[PDB]
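> Below: one structure in structure tokens.
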Amino acid sequence: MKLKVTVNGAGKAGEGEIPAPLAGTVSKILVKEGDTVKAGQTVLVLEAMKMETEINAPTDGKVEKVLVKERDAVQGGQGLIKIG
């Protein structure tokens, strides 16, 4: 069925997601995965160094799965939201 071989060296970035720069402090998410979005729709909110806040979607589309989580700080480098 499945196998376990530890997962050290990388994360789970798929294809299309957007990895953060280094880290930050989430504040509140808007989309709940599997939800369509438009260009400008604040997908969620963050706060690391005055360079995130309400993150508006880059273009119209639908989310395949959300990676980031609410109340999650210092978590950059991995894709935050999957889109495509």
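Here, A, B, ... name the chains of the structure tokens in the order displayed, residue numbers run from 1 inside each chain, and ligands are numbered from 1 in the same displayed order.
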Within 7 Å of residue 16 of chain A, counting only C-alpha atoms, which residues show up once you throw out same-chain ones fewer than 3 positions away? Write them as a compact mmCIF listing (two decimals) with N, CA, C and O atoms, in the first residue's frame, please.

```
# COMPACT_ATOMS: atom_id res chain seq x y z
N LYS A 82 -1.69 26.43 -3.30
CA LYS A 82 -1.53 25.79 -4.64
C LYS A 82 -2.59 26.33 -5.61
O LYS A 82 -3.75 26.45 -5.27
N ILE A 83 -2.19 26.67 -6.80
CA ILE A 83 -3.17 27.20 -7.79
C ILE A 83 -2.80 26.74 -9.20
O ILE A 83 -1.64 26.58 -9.53
N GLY A 84 -3.77 26.53 -10.04
CA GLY A 84 -3.47 26.08 -11.43
C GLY A 84 -4.69 25.35 -12.01
O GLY A 84 -5.44 25.98 -12.74
```
> With only C-alpha atoms as the counted atoms, please give the residues lying no more than 6 Å from residue 60 of chain A, apart from itself and same-chain residues fewer than 5 positions off, as a list in words.
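Once the adjacent positions are removed, what remains is residues 37, 38 and 39 of chain A.
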> Closest to residue 65 of chain A among A:45, A:11, A:40, A:80, using only C-alpha atoms?
A:80
> Calculate how many Å separate atom CA of residue 67 of chain A from atom CA of residue 19 of chain A, rounding to one decimal.
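These atoms are spaced 9.6 Å apart.
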> What's the 12 Å shell around residue 28 of chain A, counting only C-alpha atoms, without same-chain residues fewer than 3 positions away, as an mmCIF file with N, CA, C and O atoms, in the first residue's frame?

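Generated output (part-v7.cif):
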```cif
data_model
loop_
_atom_site.group_PDB
_atom_site.id
_atom_site.type_symbol
_atom_site.label_atom_id
_atom_site.label_comp_id
_atom_site.auth_asym_id
_atom_site.auth_seq_id
_atom_site.Cartn_x
_atom_site.Cartn_y
_atom_site.Cartn_z
ATOM 1 N N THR A 25 4.338 35.868 9.789
ATOM 2 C CA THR A 25 3.312 35.531 10.819
ATOM 3 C C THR A 25 1.907 35.608 10.215
ATOM 4 O O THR A 25 1.377 36.677 9.989
ATOM 5 N N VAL A 31 -9.555 32.134 1.524
ATOM 6 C CA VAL A 31 -10.004 30.935 0.761
ATOM 7 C C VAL A 31 -9.896 29.682 1.634
ATOM 8 O O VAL A 31 -9.065 29.596 2.517
ATOM 9 N N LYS A 32 -10.732 28.710 1.393
ATOM 10 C CA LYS A 32 -10.682 27.461 2.207
ATOM 11 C C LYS A 32 -10.358 26.265 1.309
ATOM 12 O O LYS A 32 -10.945 25.209 1.435
ATOM 13 N N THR A 42 -8.201 38.844 -2.124
ATOM 14 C CA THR A 42 -7.256 38.537 -1.010
ATOM 15 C C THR A 42 -7.319 37.049 -0.653
ATOM 16 O O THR A 42 -8.157 36.618 0.115
ATOM 17 N N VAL A 43 -6.431 36.263 -1.198
ATOM 18 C CA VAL A 43 -6.435 34.807 -0.885
ATOM 19 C C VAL A 43 -6.288 34.600 0.623
ATOM 20 O O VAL A 43 -6.892 33.718 1.200
ATOM 21 N N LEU A 44 -5.493 35.411 1.267
ATOM 22 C CA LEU A 44 -5.317 35.259 2.743
ATOM 23 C C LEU A 44 -4.611 36.485 3.330
ATOM 24 O O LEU A 44 -4.593 37.545 2.737
ATOM 25 N N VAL A 45 -4.034 36.347 4.493
ATOM 26 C CA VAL A 45 -3.334 37.504 5.121
ATOM 27 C C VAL A 45 -2.076 37.025 5.853
ATOM 28 O O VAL A 45 -2.029 35.928 6.374
ATOM 29 N N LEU A 46 -1.059 37.842 5.900
ATOM 30 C CA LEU A 46 0.195 37.434 6.600
ATOM 31 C C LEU A 46 0.903 38.666 7.168
ATOM 32 O O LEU A 46 0.505 39.789 6.928
ATOM 33 N N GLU A 47 1.952 38.466 7.919
ATOM 34 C CA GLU A 47 2.680 39.630 8.498
ATOM 35 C C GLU A 47 4.085 39.214 8.944
ATOM 36 O O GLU A 47 4.268 38.644 10.001
ATOM 37 N N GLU A 52 3.468 41.685 3.301
ATOM 38 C CA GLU A 52 2.527 40.571 2.986
ATOM 39 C C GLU A 52 1.078 41.015 3.206
ATOM 40 O O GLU A 52 0.383 41.376 2.278
ATOM 41 N N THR A 53 0.616 40.991 4.427
ATOM 42 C CA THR A 53 -0.790 41.411 4.701
ATOM 43 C C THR A 53 -1.757 40.657 3.784
ATOM 44 O O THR A 53 -1.484 39.555 3.351
ATOM 45 N N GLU A 54 -2.884 41.242 3.484
ATOM 46 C CA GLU A 54 -3.867 40.559 2.594
ATOM 47 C C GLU A 54 -3.196 40.150 1.280
ATOM 48 O O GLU A 54 -2.860 40.981 0.460
ATOM 49 N N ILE A 55 -2.997 38.876 1.072
ATOM 50 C CA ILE A 55 -2.347 38.423 -0.192
ATOM 51 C C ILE A 55 -3.402 38.192 -1.277
ATOM 52 O O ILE A 55 -4.099 37.195 -1.275
ATOM 53 N N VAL A 68 -0.160 26.622 3.579
ATOM 54 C CA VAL A 68 -0.009 27.474 4.793
ATOM 55 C C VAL A 68 -1.164 27.217 5.767
ATOM 56 O O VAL A 68 -2.184 26.664 5.404
ATOM 57 N N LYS A 69 -1.011 27.616 7.000
ATOM 58 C CA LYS A 69 -2.100 27.399 7.995
ATOM 59 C C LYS A 69 -2.297 28.660 8.839
ATOM 60 O O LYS A 69 -1.430 29.507 8.916
ATOM 61 N N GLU A 70 -3.431 28.792 9.470
ATOM 62 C CA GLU A 70 -3.676 30.001 10.306
ATOM 63 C C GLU A 70 -2.869 29.920 11.603
ATOM 64 O O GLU A 70 -2.521 28.852 12.065
ATOM 65 N N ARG A 71 -2.571 31.045 12.196
ATOM 66 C CA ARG A 71 -1.785 31.045 13.466
ATOM 67 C C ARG A 71 -0.437 30.349 13.260
ATOM 68 O O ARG A 71 0.127 29.783 14.174
ATOM 69 N N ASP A 72 0.086 30.393 12.065
ATOM 70 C CA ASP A 72 1.401 29.741 11.802
ATOM 71 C C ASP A 72 2.453 30.806 11.480
ATOM 72 O O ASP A 72 2.382 31.476 10.468
ATOM 73 N N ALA A 73 3.421 30.975 12.338
ATOM 74 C CA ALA A 73 4.469 32.007 12.084
ATOM 75 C C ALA A 73 5.777 31.349 11.637
ATOM 76 O O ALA A 73 5.879 30.140 11.575
#
```
> Using the chain letters and numbers from this document, which residues of chain A does DSSP assign to strand (DSSP E or B), as a list in words?
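Result set for chain A (strand (DSSP E or B)): residues 19, 25, 28, 29, 36, 37, 42, 43, 44, 45, 55, 56, 61, 62, 63, 64, 65, 66, 73, 79, 81, 82 and 83 of chain A.
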> Write out as a ChimeraX atom specification each polymer residue whose atoms come within 8 Å of residue 22 of chain A, counting only C-alpha atoms; drop sequence neighbours fewer than 5 positions from it.
/A:74-77
